[PDB]
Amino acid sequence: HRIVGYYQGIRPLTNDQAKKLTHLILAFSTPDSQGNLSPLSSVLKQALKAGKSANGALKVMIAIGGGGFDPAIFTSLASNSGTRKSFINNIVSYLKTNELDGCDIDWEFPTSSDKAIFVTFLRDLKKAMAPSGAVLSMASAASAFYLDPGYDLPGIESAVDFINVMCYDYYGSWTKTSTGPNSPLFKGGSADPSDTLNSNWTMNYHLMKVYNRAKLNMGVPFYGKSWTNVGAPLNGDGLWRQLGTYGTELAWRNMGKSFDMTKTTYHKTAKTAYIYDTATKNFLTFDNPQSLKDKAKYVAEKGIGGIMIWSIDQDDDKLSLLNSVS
């Protein structure tokens, strides 16, 4: 159903890409301490024009905030009814001025002190957006650690048109235990030390809280993560290996020129792709056409309302990943 594509201006949005999306979410605009939104960058502006020109049905939205963005500023703007009201008016004015069709609130992350005020902010923002038909979404966290204290999912659901669930970054630069999958679909069987660092657990968490699952999008990544100097498996399964050193996040479009993709191992239980290169001891966890196909099937099977992608511009020139997901 929905194909919600985040876009961060790595490269121009192509006319083929625009036709494969229902929603294009430019990323990012950030508010200052007074609720003034940063102006749309040139690369984001171009993608808006390219998307609308190539797909008259496409909704082009601005994601406000982001993983880099200080969540205490969201707290400040939303907690005060006066600043909440003016921030909302600034958002609505920003949409009209920049010819946008709506916005995504990417607040990473609301704390327990934010839980109710986040819902109030989204409900009020929806009310101001409703006459123009502007589309409202938010990005949701992937673990109970964040979800339980900070996310009133029923309340959020009552306000937004859909929820973009960030089912990725399950392992990363903070991981001290072992290598592991950035975005597996499932727990990876008996060798998996975790029940929850997978998309299925995160989506099931949301399914158990929200009224209408059609309002959920399962997020998928078009990027992967690498480690170097990686050693032996911890418990007989090559996905979880003795740590060397965190590498970086790589866009899919850049993996094939640095890794021999013919060495891809596809985990049959977790539904996730990785490469361990015994020659170099480099390790890459990523998503590829196979993992994305399995995830689209999961979404259809569970009746989830859509797929969201971070980020479509990380795809290769031939749209291997976007063509696989839809």
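Numbers for residues come from their place in the sequence shown, where the first is 1.
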Quick one: higher average CA temperature factor, 274 to 282 or 42 to 50? 274 to 282
Which wins on mean Cα temperature factor, 146 to 154 or 233 to 241? 233 to 241
Looking at 140, 182, 196, 190, which has the highest CA B-factor as recorded? 190
Comparing residue 65 with the other modelled residues of its chain, is its CA B-factor in the lowest, middle or highest third? lowest
Determine, from the deposited record, the chain-internal third of the Cα B-factor for residue 34: lowest, middle or highest. highest
Based on the deposited C-alpha B factors for this chain, I'd like to know if residue 164 is in the lowest, middle or highest third. lowest
Can you work out whether the C-alpha temperature factor of residue 58 puts it in the lowest, middle or highest third of the chain? middle
Within-chain third of residue 325 by Cα B-factor, per the entry: highest
